[PDB]
Each structure stands twice: as structure tokens, then as C-alpha cells.
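The chain below stands alone and is given in C-alpha cells; this is the form deposited in one PDB entry.
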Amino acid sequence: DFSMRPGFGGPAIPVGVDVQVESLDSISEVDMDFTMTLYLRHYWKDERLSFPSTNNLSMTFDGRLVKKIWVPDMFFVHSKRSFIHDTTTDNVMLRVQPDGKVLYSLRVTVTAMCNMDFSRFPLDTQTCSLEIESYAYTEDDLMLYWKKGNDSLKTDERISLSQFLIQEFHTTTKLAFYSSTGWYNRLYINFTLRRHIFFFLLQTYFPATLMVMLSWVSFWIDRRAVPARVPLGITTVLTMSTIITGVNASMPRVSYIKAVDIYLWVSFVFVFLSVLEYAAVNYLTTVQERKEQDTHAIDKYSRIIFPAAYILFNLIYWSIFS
């Protein structure tokens, strides 16, 4: 009866796992998941499968036999969707030795969940993993382990992403508990992800800084030139609003406050202050003309105070986000 495991009713069957990674295929920051494609290999012994031959060598069989015999039942924990490839036929392999020792192999694609934190964006670093477990049988019936310890993961040479840098592949194990069903063995594959920071600098931090620097030119123009100092400020506000809106229309739509938001809105406030300043100056000059009938003090103080405050802001900000 191949509807029962080897040693059914006695001790547990040892089963050993080996993996080779083909590609990482895509990543979603909104949905917090990744997609991966791999080969997965299993090893065990089943004397019911032993056959009388002198060759001492394995024999390859088609995947038709897999529906007749007994076979493990691993599954991918915290997956959203997966499948086995089937063109031009099922991507399945079975090899059996005269002893009854079996090798069993599959090609599969999996989408898996990875919780991410974007509060340090674009200076964040993320770490994800893929988890493998037996569905039906508990550690009292099936023993699951990496077939060669640390050497049981292989990774392909041409793996890459158009938006990320990948590093630090390693494996580990853990024992897990369900309240209604029991204890199981679980295997893990781990890796790390990072970004290209200079791209984001050039695209986001650089224009805003130039705009704040442009708002400081106003302190050096003659206060008598009202039709020249009034349009400059409000046009500068317009430009900065355009820039911020542009950045908002292309972000990955996660709805909480991130490191880059703070920089942008602080720059906005600096430009806004620059526009209240000249109103101060104009009003005071005008009342002086009225009262009676050279650079203003607030101009020559602003020329020092504004840049120094911006420099202090930058020091603190990059002390916090490093």
C-alpha cells in the first residue's frame, strides 16, 4: 500500500533536502513580497522500491511513476502563489538505485511574503527568507534536514535585479509548533537587499538644495526694487511645489512618513520664510517714509542667519539617518 509511509507505525523517516537557486524574478514594495525560481531535491530510502540488478548504478524514470509510489509532501510556508513547470512535459525527475534509495527533483516558481520597513527610505536595508516545511507529517513521523549542512545551497552566477543589490545567502533551521496539530521541522534560506543611493540623491536631494540656495539671492537685491523682489519669491515657491509634486507622483504609495519627506518639507518652509522676510522690510520702509513726511538691518542679518540654520539642519539630519 503506497498510501502509507516507509516504516508506518514505527519510527520516523529521515528525508534530506538540497536546493539550487535559478533567479529572483521580481519584487513588490507595495505588496511586500518577492518571486523566486529554483530546483528542489529530496533523498530517502524505501526498500519496497528495491530491484534485483548487479549494476550498482541508478536508473532514471519518467514522472509517470510519481503518481503510483509514495513521495514526500513539502510546501512553502508564507507563500502567496506557486507552481511547477510543465513544458514540454512535467519538469520532474526520479532516479532509483537497486537498494531502494531514491532521488526526486522538481523545478518551481514561488512568490513569498517579506515584511519591509521603509521609514529610512531611501537609506533602508531589507532582509527576506524562504521557508520550507512538511504539511501532513510531524517530527514523530518525518525528520527533515539539509543534506550537506552549509553546502546544500547553490546559487546561479547571473542573478541580478534592475533596482536592488543582493548579498549574503545562507541557510538555517528551526522547530515550529501549531496548537491544533503538533510540532514540525522547518528549513530557511536567507538573504539581504540594498539600493543605489547616488541615484536617489541626484534625483531628490539635489534640486531642493539648489532651490533653497536660490531663495537667498533675494537678500542682496535693492529693497527699492519692489517689482523685482516680489515676483522672485512667489515664483520660487511655485518651482518648489512642482518639484515636490513630481516626487510624490512616482513613489511606491506606502502611506506613512519617510526620511526623504522630512527633507523636502523643511526646504519648503525655508523658502516660505524668505517670502515673509521682504514683506517685513517693505512695510517698515514704507511707514518710515510716512513718518518723515543703505541696507536694512533685517537684510544684513538674514544674509548670515538663513544659511547657518540650514547648515545646522543638515548636520542634525545626517547625524540621525547617517
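The first residue of the sequence shown is number 1, and the count goes up from there. Under this definition, the rigid core comprises the largest set of C-alpha atoms superposing within 1.5 Å between the forms.
Per the record, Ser255 and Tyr256 are directly connected, with no deposited-sequence residue omitted between them.
The same protein also exists as the form deposited in another entry; that form is not shown, yet it is the one meant from here on.
For the set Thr125, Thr173, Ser241, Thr138, a Cα shift of at least 2 angstroms between this form and the one not shown, after rigid core superposition, holds for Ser241 and for no other residue.
Core-superposed comparison between this form and the one not shown: the CA of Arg229 exceeds or equals a 2 Å shift. Once the cores line up, the CA of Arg253 ends up 2 angstroms or more apart between this form and the one not shown. Superposition of the core reveals a Cα shift of less than 2 Å for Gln97 between this form and the one not shown.
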